[PDB]
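What follows is one structure encoded as structure tokens, with my remarks underneath.
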Amino acid sequence: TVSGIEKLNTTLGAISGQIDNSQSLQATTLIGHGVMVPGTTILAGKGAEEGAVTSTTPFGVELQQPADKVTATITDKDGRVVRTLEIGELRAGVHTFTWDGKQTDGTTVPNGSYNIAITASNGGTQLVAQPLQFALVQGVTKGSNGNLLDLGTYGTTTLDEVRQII
Amino acid sequence: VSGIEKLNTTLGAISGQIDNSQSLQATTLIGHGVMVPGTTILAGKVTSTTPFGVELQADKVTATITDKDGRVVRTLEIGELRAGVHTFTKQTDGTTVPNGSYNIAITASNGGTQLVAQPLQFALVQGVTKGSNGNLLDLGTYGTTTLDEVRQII
Amino acid sequence: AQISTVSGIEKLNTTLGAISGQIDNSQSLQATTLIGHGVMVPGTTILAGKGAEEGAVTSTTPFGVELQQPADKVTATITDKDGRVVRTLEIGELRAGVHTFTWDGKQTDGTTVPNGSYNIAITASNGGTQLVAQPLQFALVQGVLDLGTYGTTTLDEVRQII
Amino acid sequence: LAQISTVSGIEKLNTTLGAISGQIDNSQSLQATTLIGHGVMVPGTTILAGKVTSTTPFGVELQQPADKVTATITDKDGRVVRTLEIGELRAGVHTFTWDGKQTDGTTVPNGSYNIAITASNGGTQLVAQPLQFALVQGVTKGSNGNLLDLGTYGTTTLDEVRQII
Amino acid sequence: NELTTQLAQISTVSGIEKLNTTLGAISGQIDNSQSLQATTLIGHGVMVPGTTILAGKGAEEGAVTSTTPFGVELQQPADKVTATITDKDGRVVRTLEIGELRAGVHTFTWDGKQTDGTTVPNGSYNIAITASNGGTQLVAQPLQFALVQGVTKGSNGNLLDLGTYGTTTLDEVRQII
């Protein structure tokens, strides 16, 4: 019985290694889908068609505690603020939103890259708010500790650092 | 002694991997819809209804639907149900209900003796989120839910 | 040291139970692919219809049958809602297992049948010895399995996916 | 007391575990549902042609590598329409596609053709198993395990599938 | 009683020797299931050890030349990484200064235009990568694009059929696109 337990013990370790190989293939399903990862970048563009409507790569925020007032400041490449957004109250966890792509005056913003800054508080006490940016998965790469995701421009990321899959 | 405690710790890691592998699988759900505990019913577009349900571990089952204002709009008896999960999809006078949100109340009995009945609600998937005790599903407006709490997928 | 290990094992058993439970719901997730397609399930119902289009072709929901033993004579009787026989079918010889077929949508007189629902009865024998023959019905999948009109079904009771 | 319980207990774990194996096959079917649009490579010699004319791909399995590999294509009448020098192959499974044109360079008519494959290493002939293309149209249930439905060609197990396309 | 005890003993032994045989089916069902999820790779393309880079235009007019992506795997990080592209004749059509790289796998895509600024003809090209860290050259494994075209069964384990490039195991793949 003393000998038996250790042999069974070694086997469950070997199975876990086997379990990992499915995980690599499983990650390939994410390819083509966009994810939410730490960042502030928001893109903006127009289709080649005419009558094309401007859209924006979605953004988000992660919270450890809930908040009652959440504002999102959007700046352009020059650092100039083009739009401020009042979002609402939010409970702890991950939340995702989509900017209409229009600035404060109501006009459509030019095609380009923008950045968000998010302040969150509950009854006037400031909270740690982690901004999230849209990133398209482009492939699955092999790391030294585990499989990685290729988000292209945004670079590479592990799976545990993905906040949400879209 | 070391082997048994080591088996617990290693099998625990196994438990962690399997659910997150399922999390990657949950991306398949994105675009569809699920059945989870709840009572809310919305309506938008002949008018159709976001599905509802009930789970049993009864011979007489009546279901009362209330409005946002609290008024009761319709009850329907179709019949009895065996254990497991059952899901289904106009005002009492026969008129169409206004566009909005509604709530369900479900009564279930066996020989006039009531049973524990959990009402079930539709939720459209928009993404997959990471929780604190384990990975979560994003039902959007309705929020998040685990997979064990999913009763049926639509 | 023993009593510690005893508590540990009970903890291990509970965790191994949780693993078994998790596996079942993931299998459910795999089933989600099935909604867009369609399956063959136990039943006798066969539908028939015509489009509003011109050149519209009558179509029939395909049917099937499963056998435990091989047979040399297999006949399929199609009855209507009233019980009246609309068509009899000689299929052929069949080895044991599952086989699926499609009715041309024409009755015995050679005319096309009106749009509606029909029922099949299948008799199969090998050398004048009668055999157990289980009839099968076509079903469009609508959720996870929930087939709508046909109601609900397990996956193990699903014979083939198309 | 405990003995007969453990007897049942071992058997009780089995009945539930038997269901797990049963569940896995239904999982395989779902993956196989993805397989239907594509097709697999199974033992055979059949090659089709239709309308530029194209041909259902063919293949060959080898236990040992070879220095000489030729493939002779015949029509329905048995007449040889094309011979092919493909190259060399290491042991295992290899898949190819015929241009659908005979030796003179003209395209063969739409129909069915057959392949014959000879393989040798240093003038020593090798066992060569020809492979044919078959489109999956559904997934069937056997008595010992799940089966695949190839339509015209019938049914096949998964272990005898040499390659998936 | 002695007889009946031995009866229940042999049944446990047969039952245990029945469980591992049944589990063996499961462990074998897993491998077949893995081949089925490997089918998802069939549409996709991978990055494997190699130096080949392809270029081409579509049948359309006004079509722009594109190239299959290339890459490099490193064991140590590098501050200097150069990539030389030559054609079949051997002349250098383009040299690429990639820059700093951390250890691991990195993939890029050539614009398909040579040094003078013109577009390279449709055909096959070769990549040559040298990586060094502070004057000390490193081992760099060059990677080429290869489209998966099917899943094959060898004699020891399932393989990926990459067509022209041939076959490969899964662990020999550095990236899946």
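Convention: chains lettered A, B, ... in structure tokens order; per-chain residue numbering from 1; ligands numbered from 1 as shown.
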Hey, what's within 7 Å of segment 82-86 of chain E if we count only C-alpha atoms and toss same-chain stuff fewer than 2 positions away? As a PDB file with N, CA, C and O atoms, in the first residue's frame, please?
```pdb
ATOM      1  N   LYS E  80      20.326  42.757 -31.625  1.00  0.00           N
ATOM      2  CA  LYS E  80      20.525  42.872 -33.062  1.00  0.00           C
ATOM      3  C   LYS E  80      19.990  41.616 -33.748  1.00  0.00           C
ATOM      4  O   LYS E  80      20.415  40.499 -33.444  1.00  0.00           O
ATOM      5  N   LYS E  88      15.844  32.685 -55.753  1.00  0.00           N
ATOM      6  CA  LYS E  88      16.373  31.378 -56.111  1.00  0.00           C
ATOM      7  C   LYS E  88      17.751  31.477 -56.757  1.00  0.00           C
ATOM      8  O   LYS E  88      18.559  30.553 -56.648  1.00  0.00           O
ATOM      9  N   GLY E  90      20.011  33.647 -55.916  1.00  0.00           N
ATOM     10  CA  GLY E  90      20.950  33.877 -54.835  1.00  0.00           C
ATOM     11  C   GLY E  90      21.257  35.335 -54.549  1.00  0.00           C
ATOM     12  O   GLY E  90      21.955  35.642 -53.583  1.00  0.00           O
ATOM     13  N   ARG E  91      20.747  36.238 -55.379  1.00  0.00           N
ATOM     14  CA  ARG E  91      20.970  37.660 -55.148  1.00  0.00           C
ATOM     15  C   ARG E  91      20.102  38.152 -53.994  1.00  0.00           C
ATOM     16  O   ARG E  91      18.956  37.732 -53.842  1.00  0.00           O
ATOM     17  N   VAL E  92      20.659  39.034 -53.175  1.00  0.00           N
ATOM     18  CA  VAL E  92      19.913  39.624 -52.072  1.00  0.00           C
ATOM     19  C   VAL E  92      18.969  40.697 -52.588  1.00  0.00           C
ATOM     20  O   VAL E  92      19.413  41.705 -53.130  1.00  0.00           O
ATOM     21  N   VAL E  93      17.669  40.486 -52.423  1.00  0.00           N
ATOM     22  CA  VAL E  93      16.693  41.466 -52.891  1.00  0.00           C
ATOM     23  C   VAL E  93      16.307  42.444 -51.787  1.00  0.00           C
ATOM     24  O   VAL E  93      15.896  43.568 -52.062  1.00  0.00           O
ATOM     25  N   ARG E  94      16.457  42.022 -50.537  1.00  0.00           N
ATOM     26  CA  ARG E  94      16.072  42.860 -49.409  1.00  0.00           C
ATOM     27  C   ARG E  94      16.713  42.387 -48.109  1.00  0.00           C
ATOM     28  O   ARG E  94      16.696  41.196 -47.795  1.00  0.00           O
ATOM     29  N   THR E  95      17.289  43.325 -47.365  1.00  0.00           N
ATOM     30  CA  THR E  95      17.800  43.039 -46.029  1.00  0.00           C
ATOM     31  C   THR E  95      16.925  43.756 -45.011  1.00  0.00           C
ATOM     32  O   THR E  95      16.592  44.924 -45.191  1.00  0.00           O
ATOM     33  N   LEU E  96      16.539  43.053 -43.952  1.00  0.00           N
ATOM     34  CA  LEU E  96      15.624  43.613 -42.964  1.00  0.00           C
ATOM     35  C   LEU E  96      16.242  43.710 -41.580  1.00  0.00           C
ATOM     36  O   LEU E  96      16.677  42.708 -41.018  1.00  0.00           O
ATOM     37  N   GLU E  97      16.267  44.918 -41.030  1.00  0.00           N
ATOM     38  CA  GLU E  97      16.706  45.114 -39.655  1.00  0.00           C
ATOM     39  C   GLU E  97      15.504  45.063 -38.722  1.00  0.00           C
ATOM     40  O   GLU E  97      14.694  45.990 -38.686  1.00  0.00           O
ATOM     41  N   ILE E  98      15.393  43.971 -37.973  1.00  0.00           N
ATOM     42  CA  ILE E  98      14.211  43.715 -37.160  1.00  0.00           C
ATOM     43  C   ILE E  98      14.289  44.410 -35.798  1.00  0.00           C
ATOM     44  O   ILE E  98      13.283  44.906 -35.285  1.00  0.00           O
ATOM     45  N   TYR E 125      11.007  32.668 -52.303  1.00  0.00           N
ATOM     46  CA  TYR E 125      12.158  33.384 -51.750  1.00  0.00           C
ATOM     47  C   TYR E 125      12.613  32.747 -50.444  1.00  0.00           C
ATOM     48  O   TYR E 125      11.884  31.956 -49.847  1.00  0.00           O
ATOM     49  N   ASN E 126      13.814  33.102 -49.997  1.00  0.00           N
ATOM     50  CA  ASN E 126      14.381  32.504 -48.793  1.00  0.00           C
ATOM     51  C   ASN E 126      14.841  33.523 -47.759  1.00  0.00           C
ATOM     52  O   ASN E 126      15.445  34.539 -48.100  1.00  0.00           O
ATOM     53  N   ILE E 127      14.564  33.231 -46.492  1.00  0.00           N
ATOM     54  CA  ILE E 127      14.933  34.121 -45.398  1.00  0.00           C
ATOM     55  C   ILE E 127      16.171  33.599 -44.667  1.00  0.00           C
ATOM     56  O   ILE E 127      16.367  32.386 -44.538  1.00  0.00           O
ATOM     57  N   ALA E 128      17.018  34.525 -44.224  1.00  0.00           N
ATOM     58  CA  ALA E 128      18.224  34.187 -43.478  1.00  0.00           C
ATOM     59  C   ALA E 128      18.337  35.109 -42.284  1.00  0.00           C
ATOM     60  O   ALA E 128      18.445  36.323 -42.441  1.00  0.00           O
ATOM     61  N   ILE E 129      18.310  34.536 -41.088  1.00  0.00           N
ATOM     62  CA  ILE E 129      18.249  35.353 -39.889  1.00  0.00           C
ATOM     63  C   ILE E 129      19.460  35.149 -38.986  1.00  0.00           C
ATOM     64  O   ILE E 129      19.836  34.020 -38.672  1.00  0.00           O
ATOM     65  N   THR E 130      20.076  36.260 -38.594  1.00  0.00           N
ATOM     66  CA  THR E 130      21.170  36.231 -37.638  1.00  0.00           C
ATOM     67  C   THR E 130      20.808  37.086 -36.429  1.00  0.00           C
ATOM     68  O   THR E 130      20.361  38.228 -36.571  1.00  0.00           O
ATOM     69  N   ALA E 131      20.996  36.522 -35.241  1.00  0.00           N
ATOM     70  CA  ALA E 131      20.666  37.210 -34.000  1.00  0.00           C
ATOM     71  C   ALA E 131      21.841  37.165 -33.033  1.00  0.00           C
ATOM     72  O   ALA E 131      22.427  36.109 -32.801  1.00  0.00           O
TER      73      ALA E 131
END
```
Practice prompt. Within 7 Å of residue 41 of chain B, counting only C-alpha atoms, which residues show up once you throw out same-chain ones fewer than 4 positions away? Write them as number ranges by chain, please.
Written response: B: 50, 101-103
Find the spatial neighbours of residue 46 of chain E, counting only C-alpha atoms, within a cut-off of 12 Å - ignore same-chain residues fewer than 2 positions away - and output them as a short mmCIF file (atom, residue, chain, number, x, y, z; two decimals) with N, CA, C and O atoms, in the first residue's frame.
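Once everything was written out, this is part16.cif:
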```
data_model
loop_
_atom_site.label_atom_id
_atom_site.label_comp_id
_atom_site.auth_asym_id
_atom_site.auth_seq_id
_atom_site.Cartn_x
_atom_site.Cartn_y
_atom_site.Cartn_z
N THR A 28 -6.89 27.77 -29.80
CA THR A 28 -7.04 28.13 -31.21
C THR A 28 -8.45 28.61 -31.55
O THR A 28 -8.64 29.34 -32.52
N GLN A 138 -4.72 37.11 -33.19
CA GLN A 138 -4.24 36.91 -34.54
C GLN A 138 -3.66 35.52 -34.68
O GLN A 138 -3.49 35.01 -35.78
N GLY A 139 -3.38 34.89 -33.54
CA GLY A 139 -2.83 33.55 -33.54
C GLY A 139 -2.52 33.04 -32.14
O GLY A 139 -2.74 33.74 -31.15
N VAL A 140 -2.02 31.81 -32.07
CA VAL A 140 -1.62 31.22 -30.80
C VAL A 140 -0.15 30.82 -30.88
O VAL A 140 0.25 30.11 -31.80
N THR A 141 0.64 31.29 -29.92
CA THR A 141 2.09 31.11 -29.96
C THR A 141 2.54 30.20 -28.82
O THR A 141 1.83 30.05 -27.83
N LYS A 142 3.73 29.62 -28.94
CA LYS A 142 4.23 28.71 -27.93
C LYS A 142 5.27 29.40 -27.07
O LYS A 142 6.30 29.86 -27.56
N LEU E 41 -7.62 22.88 -37.02
CA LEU E 41 -6.37 23.42 -37.53
C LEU E 41 -6.29 23.32 -39.05
O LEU E 41 -5.47 23.99 -39.68
N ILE E 42 -7.14 22.48 -39.63
CA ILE E 42 -7.06 22.18 -41.06
C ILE E 42 -7.27 23.41 -41.94
O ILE E 42 -6.56 23.60 -42.92
N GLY E 43 -8.24 24.26 -41.60
CA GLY E 43 -8.40 25.50 -42.33
C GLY E 43 -7.18 26.39 -42.15
O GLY E 43 -6.74 27.07 -43.09
N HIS E 44 -6.62 26.36 -40.95
CA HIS E 44 -5.58 27.30 -40.54
C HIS E 44 -4.19 27.01 -41.11
O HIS E 44 -3.96 25.99 -41.76
N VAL E 48 6.38 26.90 -38.93
CA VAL E 48 7.27 25.79 -38.62
C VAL E 48 8.71 26.12 -39.02
O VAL E 48 8.94 27.12 -39.70
N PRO E 49 9.69 25.32 -38.56
CA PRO E 49 11.08 25.52 -38.97
C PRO E 49 11.27 25.49 -40.48
O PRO E 49 10.88 24.52 -41.14
N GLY E 50 11.85 26.55 -41.02
CA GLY E 50 12.04 26.68 -42.46
C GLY E 50 12.50 28.08 -42.82
O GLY E 50 12.62 28.94 -41.95
N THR E 68 3.74 35.27 -47.76
CA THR E 68 3.53 34.43 -46.59
C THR E 68 4.45 34.88 -45.47
O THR E 68 5.63 35.14 -45.70
N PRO E 69 3.93 34.97 -44.24
CA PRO E 69 4.71 35.49 -43.11
C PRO E 69 5.86 34.57 -42.71
O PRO E 69 5.82 33.37 -42.96
N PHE E 70 6.88 35.16 -42.11
CA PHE E 70 8.03 34.41 -41.64
C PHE E 70 8.27 34.72 -40.18
O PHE E 70 7.62 35.59 -39.61
N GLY E 71 9.22 34.02 -39.56
CA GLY E 71 9.51 34.25 -38.16
C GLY E 71 10.80 33.63 -37.66
O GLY E 71 11.56 33.05 -38.43
N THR E 107 6.95 36.45 -35.17
CA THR E 107 6.64 36.33 -36.59
C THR E 107 6.36 37.68 -37.24
O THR E 107 5.80 38.57 -36.62
N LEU E 143 11.60 30.54 -39.10
CA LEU E 143 10.27 29.96 -39.25
C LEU E 143 9.61 30.38 -40.56
O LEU E 143 9.73 31.53 -40.98
N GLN E 144 8.91 29.45 -41.19
CA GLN E 144 8.17 29.76 -42.41
C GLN E 144 6.69 29.44 -42.27
O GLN E 144 6.29 28.62 -41.44
N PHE E 145 5.88 30.09 -43.09
CA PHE E 145 4.44 29.86 -43.08
C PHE E 145 4.13 28.58 -43.83
O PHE E 145 4.70 28.29 -44.87
N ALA E 146 3.20 27.81 -43.28
CA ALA E 146 2.75 26.59 -43.91
C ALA E 146 1.28 26.38 -43.60
O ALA E 146 0.88 26.34 -42.44
N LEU E 147 0.49 26.25 -44.65
CA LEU E 147 -0.94 26.05 -44.52
C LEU E 147 -1.25 24.58 -44.21
O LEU E 147 -0.77 23.68 -44.91
N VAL E 148 -2.03 24.34 -43.17
CA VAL E 148 -2.44 22.97 -42.84
C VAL E 148 -3.46 22.52 -43.87
O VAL E 148 -4.34 23.29 -44.25
N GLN E 149 -3.34 21.29 -44.34
CA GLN E 149 -4.22 20.81 -45.40
C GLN E 149 -4.93 19.53 -45.00
O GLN E 149 -5.78 19.02 -45.73
N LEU E 160 0.26 16.60 -38.79
CA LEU E 160 -0.38 17.63 -39.60
C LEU E 160 0.17 17.60 -41.02
O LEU E 160 1.38 17.65 -41.21
N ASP E 161 -0.72 17.52 -42.00
CA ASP E 161 -0.27 17.54 -43.39
C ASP E 161 -0.21 18.96 -43.92
O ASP E 161 -1.23 19.64 -44.05
N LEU E 162 1.00 19.40 -44.23
CA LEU E 162 1.23 20.76 -44.70
C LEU E 162 1.46 20.80 -46.21
O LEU E 162 1.88 21.82 -46.75
N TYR E 165 5.34 21.37 -47.87
CA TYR E 165 6.30 21.27 -46.77
C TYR E 165 6.35 19.85 -46.20
O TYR E 165 7.32 19.46 -45.56
N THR E 167 4.86 16.82 -43.73
CA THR E 167 4.12 16.63 -42.49
C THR E 167 4.92 17.13 -41.29
O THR E 167 6.11 17.42 -41.40
N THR E 168 4.24 17.24 -40.16
CA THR E 168 4.89 17.64 -38.92
C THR E 168 4.06 17.23 -37.72
O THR E 168 2.84 17.10 -37.81
N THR E 169 4.72 17.02 -36.59
CA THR E 169 4.01 16.81 -35.34
C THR E 169 3.48 18.15 -34.87
O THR E 169 3.79 19.19 -35.45
N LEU E 170 2.69 18.14 -33.81
CA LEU E 170 2.11 19.37 -33.30
C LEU E 170 3.10 20.15 -32.45
O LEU E 170 3.08 21.38 -32.46
N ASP E 171 3.96 19.45 -31.72
CA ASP E 171 4.91 20.12 -30.83
C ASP E 171 5.98 20.86 -31.63
O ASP E 171 6.67 21.73 -31.10
N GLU E 172 6.11 20.50 -32.90
CA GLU E 172 7.09 21.14 -33.77
C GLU E 172 6.53 22.43 -34.38
O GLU E 172 7.20 23.09 -35.17
N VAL E 173 5.30 22.77 -34.02
CA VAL E 173 4.69 24.01 -34.49
C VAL E 173 4.97 25.14 -33.50
O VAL E 173 4.73 24.99 -32.30
N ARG E 174 5.48 26.26 -34.00
CA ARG E 174 5.82 27.39 -33.14
C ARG E 174 4.66 28.37 -32.98
O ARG E 174 4.56 29.07 -31.98
N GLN E 175 3.78 28.41 -33.98
CA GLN E 175 2.64 29.32 -33.92
C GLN E 175 1.50 28.85 -34.82
O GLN E 175 1.74 28.28 -35.88
N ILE E 176 0.27 29.09 -34.39
CA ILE E 176 -0.90 28.78 -35.19
C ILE E 176 -1.62 30.06 -35.60
O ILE E 176 -2.01 30.85 -34.75
N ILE E 177 -1.81 30.26 -36.90
CA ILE E 177 -2.49 31.45 -37.38
C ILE E 177 -3.89 31.08 -37.90
O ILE E 177 -4.59 31.87 -38.53
#
```
Discussion item. Write out as number ranges by chain the set of residues from chain C that DSSP, computed on the backbone, places in strand (DSSP E or B).
Written reply: C: 38-42, 45-49, 59-60, 63-67, 71-79, 85-94, 97-101, 106, 112, 116-125, 130-131, 133-140, 143, 146, 152, 160-161
Using 8 Å as the limit and counting only C-alpha atoms, can you tabulate each residue of segment 29-91 of chain D that touches segment 115-138 of chain D, with its shortest atom-to-atom distance in Å and the two atoms involved, as JSON lines?
```
{"residue": "D:33", "atom": "CA", "partner": "D:138", "partner_atom": "CA", "distance": 7.2}
{"residue": "D:35", "atom": "CA", "partner": "D:136", "partner_atom": "CA", "distance": 6.8}
{"residue": "D:36", "atom": "CA", "partner": "D:136", "partner_atom": "CA", "distance": 4.4}
{"residue": "D:37", "atom": "CA", "partner": "D:136", "partner_atom": "CA", "distance": 6.6}
{"residue": "D:38", "atom": "CA", "partner": "D:135", "partner_atom": "CA", "distance": 6.3}
{"residue": "D:39", "atom": "CA", "partner": "D:135", "partner_atom": "CA", "distance": 4.1}
{"residue": "D:40", "atom": "CA", "partner": "D:134", "partner_atom": "CA", "distance": 5.6}
{"residue": "D:41", "atom": "CA", "partner": "D:133", "partner_atom": "CA", "distance": 5.0}
{"residue": "D:42", "atom": "CA", "partner": "D:131", "partner_atom": "CA", "distance": 5.2}
{"residue": "D:43", "atom": "CA", "partner": "D:131", "partner_atom": "CA", "distance": 4.4}
{"residue": "D:44", "atom": "CA", "partner": "D:132", "partner_atom": "CA", "distance": 4.8}
{"residue": "D:45", "atom": "CA", "partner": "D:115", "partner_atom": "CA", "distance": 4.9}
{"residue": "D:46", "atom": "CA", "partner": "D:132", "partner_atom": "CA", "distance": 5.7}
{"residue": "D:47", "atom": "CA", "partner": "D:132", "partner_atom": "CA", "distance": 6.9}
{"residue": "D:56", "atom": "CA", "partner": "D:133", "partner_atom": "CA", "distance": 6.0}
{"residue": "D:57", "atom": "CA", "partner": "D:133", "partner_atom": "CA", "distance": 5.8}
{"residue": "D:58", "atom": "CA", "partner": "D:132", "partner_atom": "CA", "distance": 4.9}
{"residue": "D:59", "atom": "CA", "partner": "D:131", "partner_atom": "CA", "distance": 4.5}
{"residue": "D:60", "atom": "CA", "partner": "D:130", "partner_atom": "CA", "distance": 4.4}
{"residue": "D:61", "atom": "CA", "partner": "D:129", "partner_atom": "CA", "distance": 5.0}
{"residue": "D:62", "atom": "CA", "partner": "D:128", "partner_atom": "CA", "distance": 5.5}
{"residue": "D:63", "atom": "CA", "partner": "D:127", "partner_atom": "CA", "distance": 7.2}
{"residue": "D:64", "atom": "CA", "partner": "D:126", "partner_atom": "CA", "distance": 7.4}
{"residue": "D:65", "atom": "CA", "partner": "D:121", "partner_atom": "CA", "distance": 7.3}
{"residue": "D:66", "atom": "CA", "partner": "D:121", "partner_atom": "CA", "distance": 4.5}
{"residue": "D:67", "atom": "CA", "partner": "D:121", "partner_atom": "CA", "distance": 4.9}
{"residue": "D:68", "atom": "CA", "partner": "D:120", "partner_atom": "CA", "distance": 5.1}
{"residue": "D:69", "atom": "CA", "partner": "D:119", "partner_atom": "CA", "distance": 4.5}
{"residue": "D:70", "atom": "CA", "partner": "D:118", "partner_atom": "CA", "distance": 5.4}
{"residue": "D:71", "atom": "CA", "partner": "D:117", "partner_atom": "CA", "distance": 4.4}
{"residue": "D:72", "atom": "CA", "partner": "D:116", "partner_atom": "CA", "distance": 4.9}
{"residue": "D:73", "atom": "CA", "partner": "D:115", "partner_atom": "CA", "distance": 4.7}
{"residue": "D:74", "atom": "CA", "partner": "D:115", "partner_atom": "CA", "distance": 6.5}
```
Fill in: Interatomic distance (Å, one decimal) between atom CA of residue 146 of chain A and atom CA of residue 24 of chain A
8.3 Å
Discussion item. Near chain E, meaning an atom within 6 Å, which residues of chain D appear when counting only C-alpha atoms? Write them as a PyMOL selection string.
Written reply: chain D and resi 7+21+28+31+92+162-165
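Near chain D, within 6 Å and using only C-alpha atoms, the residues of chain C are residues 159, 160, 161 and 162 of chain C.
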Worksheet item: Taking the backbone alone, and naming residues the way the document does, which bits of chain B are helix (DSSP H, G or I) by DSSP, as a VMD selection string?
Response: chain B and resid 2 to 29 140 to 142
Those residues with N, CA and C atoms, as a CSV table (one decimal), in the first residue's frame please?
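Result file follows (out-v1.csv):
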```
chain,number,residue,atom,x,y,z
B,2,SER,N,2.0,11.7,2.8
B,2,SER,CA,2.4,12.7,1.8
B,2,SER,C,1.7,12.5,0.4
B,3,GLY,N,1.6,11.3,0.0
B,3,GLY,CA,0.9,10.9,-1.2
B,3,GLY,C,-0.5,11.4,-1.3
B,4,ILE,N,-1.3,11.1,-0.3
B,4,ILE,CA,-2.7,11.5,-0.2
B,4,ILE,C,-2.9,13.0,-0.3
B,5,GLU,N,-2.1,13.8,0.5
B,5,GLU,CA,-2.2,15.2,0.5
B,5,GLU,C,-1.7,15.8,-0.8
B,6,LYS,N,-0.7,15.1,-1.4
B,6,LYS,CA,-0.2,15.5,-2.7
B,6,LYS,C,-1.3,15.3,-3.8
B,7,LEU,N,-2.0,14.1,-3.7
B,7,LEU,CA,-3.0,13.8,-4.7
B,7,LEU,C,-4.1,14.9,-4.6
B,8,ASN,N,-4.5,15.3,-3.4
B,8,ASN,CA,-5.5,16.4,-3.3
B,8,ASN,C,-5.1,17.7,-3.9
B,9,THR,N,-3.9,18.1,-3.7
B,9,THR,CA,-3.3,19.3,-4.3
B,9,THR,C,-3.2,19.3,-5.8
B,10,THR,N,-2.8,18.1,-6.3
B,10,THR,CA,-2.6,17.9,-7.8
B,10,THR,C,-4.0,17.8,-8.5
B,11,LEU,N,-4.9,17.1,-7.9
B,11,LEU,CA,-6.3,17.0,-8.4
B,11,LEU,C,-7.0,18.3,-8.4
B,12,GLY,N,-6.7,19.1,-7.4
B,12,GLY,CA,-7.2,20.4,-7.3
B,12,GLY,C,-6.8,21.3,-8.4
B,13,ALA,N,-5.6,21.2,-8.9
B,13,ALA,CA,-5.1,21.9,-10.0
B,13,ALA,C,-5.8,21.4,-11.3
B,14,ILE,N,-6.1,20.1,-11.3
B,14,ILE,CA,-6.8,19.5,-12.4
B,14,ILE,C,-8.2,20.1,-12.5
B,15,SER,N,-8.8,20.3,-11.3
B,15,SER,CA,-10.2,21.0,-11.3
B,15,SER,C,-10.1,22.4,-11.8
B,16,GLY,N,-9.0,23.1,-11.5
B,16,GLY,CA,-8.9,24.5,-12.0
B,16,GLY,C,-8.7,24.5,-13.5
B,17,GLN,N,-7.9,23.6,-14.1
B,17,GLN,CA,-7.7,23.6,-15.5
B,17,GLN,C,-8.9,23.2,-16.3
B,18,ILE,N,-9.7,22.2,-15.9
B,18,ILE,CA,-10.8,21.8,-16.6
B,18,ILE,C,-11.9,22.8,-16.8
B,19,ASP,N,-12.1,23.6,-15.8
B,19,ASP,CA,-13.2,24.7,-15.9
B,19,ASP,C,-12.7,25.8,-16.9
B,20,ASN,N,-11.4,26.2,-16.8
B,20,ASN,CA,-10.9,27.2,-17.7
B,20,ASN,C,-10.8,26.7,-19.1
B,21,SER,N,-10.6,25.4,-19.3
B,21,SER,CA,-10.7,24.8,-20.6
B,21,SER,C,-12.1,25.0,-21.1
B,22,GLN,N,-13.1,24.7,-20.2
B,22,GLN,CA,-14.5,25.0,-20.5
B,22,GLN,C,-14.8,26.4,-20.8
B,23,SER,N,-14.0,27.3,-20.2
B,23,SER,CA,-14.1,28.7,-20.4
B,23,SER,C,-13.8,29.1,-21.8
B,24,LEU,N,-12.8,28.4,-22.4
B,24,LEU,CA,-12.4,28.6,-23.8
B,24,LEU,C,-13.6,28.1,-24.6
B,25,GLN,N,-14.2,27.0,-24.2
B,25,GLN,CA,-15.3,26.4,-24.8
B,25,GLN,C,-16.6,27.3,-24.8
B,26,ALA,N,-16.7,28.1,-23.7
B,26,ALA,CA,-17.8,29.0,-23.6
B,26,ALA,C,-17.9,30.0,-24.7
B,27,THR,N,-16.8,30.3,-25.4
B,27,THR,CA,-16.8,31.2,-26.5
B,27,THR,C,-17.7,30.7,-27.6
B,28,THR,N,-18.0,29.4,-27.6
B,28,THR,CA,-18.9,28.8,-28.6
B,28,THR,C,-20.3,29.3,-28.3
B,29,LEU,N,-20.6,29.6,-27.0
B,29,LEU,CA,-21.9,30.1,-26.6
B,29,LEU,C,-22.2,31.5,-27.1
B,140,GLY,N,-24.8,40.0,-20.4
B,140,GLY,CA,-25.1,41.4,-20.7
B,140,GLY,C,-25.8,42.1,-19.6
B,141,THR,N,-27.0,42.6,-19.9
B,141,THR,CA,-27.9,43.3,-19.0
B,141,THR,C,-28.1,42.5,-17.7
B,142,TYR,N,-28.4,41.2,-17.9
B,142,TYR,CA,-28.7,40.3,-16.8
B,142,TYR,C,-27.4,40.0,-15.9
```
Discussion item. Please compute the atom CA of residue 153 of chain B-atom CA of residue 61 of chain A distance, one decimal, in Å.
Written reply: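 If I compute the distance from atom CA of residue 153 of chain B to atom CA of residue 61 of chain A, I get 28.3 Å.
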Worksheet item: Taking only C-alpha atoms into account, which residues of chain A are within 10 Å of chain B, as a PyMOL selection string?
Response: chain A and resi 2+4-13+15-17+19-20+22-24+26-30+33-36+92-96+159-166
